[PDB]
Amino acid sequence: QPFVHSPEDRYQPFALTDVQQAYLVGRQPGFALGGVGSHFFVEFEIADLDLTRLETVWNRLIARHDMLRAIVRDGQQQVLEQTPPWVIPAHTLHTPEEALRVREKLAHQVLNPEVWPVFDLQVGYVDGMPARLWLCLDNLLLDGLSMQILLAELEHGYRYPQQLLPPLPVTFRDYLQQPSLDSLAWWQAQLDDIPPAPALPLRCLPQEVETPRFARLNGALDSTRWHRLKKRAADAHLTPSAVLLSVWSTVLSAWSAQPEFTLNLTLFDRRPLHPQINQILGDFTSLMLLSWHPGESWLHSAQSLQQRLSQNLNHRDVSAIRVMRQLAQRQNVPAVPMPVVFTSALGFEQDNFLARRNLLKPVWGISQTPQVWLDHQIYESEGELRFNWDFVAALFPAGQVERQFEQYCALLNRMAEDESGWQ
């Protein structure tokens, strides 16, 4: 079907996605966590920052991407035609300690989605040190792939400020309006075979965390080992995502009260309704449950997970949001939460995202998701697999997440080197 553009309605309100609605209500106390926002925060270091150049690039991106000018208003989303140019606030800091105090303030700020802008961008000059760029974007409006697109454009524009990009020919607003946007029956069919989320040890009731604060652990698998592990995956009839999911679930099983459990998978692939759809910013998130049922050998367990994954992917028009409701109705409980999440940006041609030699050098970051305890996020860059776990640190016993991360990194590396554990 041909894409239907409605430029005369470009600035009219439009409906929020299911994911966006969940984020907004996740600002309030819920079944699995206190209220929290949904933003993504990164600190970059820039040698010899040219503020005027950065401001030009950023304002071009605001003009280029409708969803940077979006707000939530009267229960819907809306793109603002004209917004005041962003004049970047700059702080003068005399020590790295002073800059850390600013980072801490900005990384945990609350973006009000009702008042433009639903982002923040400030800089900090530190005497005799690289300047800092503190960037805050909201997953309420820009999904993970959108944030990779936008950050790559920000790097590219700052490096090559003379290049002008032609306007985008398709909008997120119009995408959501397309017609294309028994799967429900297929999901209802196996409500009895979806086990609860991982029953991980907690140091308190998660509902009793009034102001959840996220922390991050990050790692990488070097490009030689990641190539080798992808090859071994192929030889064992597993996608790379299935291998990573199975390695992670092995660690989670070892800590959980029950060895079988369900994860919520966050995916970003877009329906191919316009040839340039992968170039725009918006919320294209899909959520999909996937259960881990360990068997005799890791390999058998991974192969069962891959088969389940392949089938489930065929039914993502029914969201995990809906399935969790069906699960709670079937089980006669108020809610069935899925607070342990796996988020994959593999496969989206964002090669060399955050490439080592980037002028905007990422040095620190954190992300929040309401009603989530632990989010394992992955992406590929410069041939390496890069990953981070974002988690509510206060929920878990001291040292627990750090130890699980240590075990996960060790197992990942060993399985990339050592053929033994592939049965």
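Residue numbers here begin at 1 and follow the sequence given.
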*Does the deposited sequence hold unmodelled residues between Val115 and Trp116, and if so, how many: none, 1 to 3, 4 to 9, or 10 or more?*
none
*Which is higher in the entry, the mean Cα B factor of 92-100 or that of 281-289?*
92-100
*Identify the stretch, either 329-337 or 105-113, whose C-alpha atoms have the larger mean B-factor according to the entry.*
329-337
*Going by the entry, which of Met147, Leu181, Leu309, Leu238 has the most elevated CA B factor?*
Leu181
*Can you pull the Cα B-factors for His300, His156, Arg173, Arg132 from the entry and say which is highest?*
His300
*Position of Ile378 among the chain's modelled residues by C-alpha B-factor, lowest, middle or highest third*: lowest
_CA B-factor ranking of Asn264, expressed as a third of its chain_ = lowest
*Compared with the other modelled residues in the chain, in which third is the CA B-factor of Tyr125?*
middle
*With respect to C-alpha B-factor, does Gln28 fall in the lowest, middle or highest third of the chain as deposited?*
highest
*Ranked against its chain, the third holding the CA B-factor of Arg225*: lowest
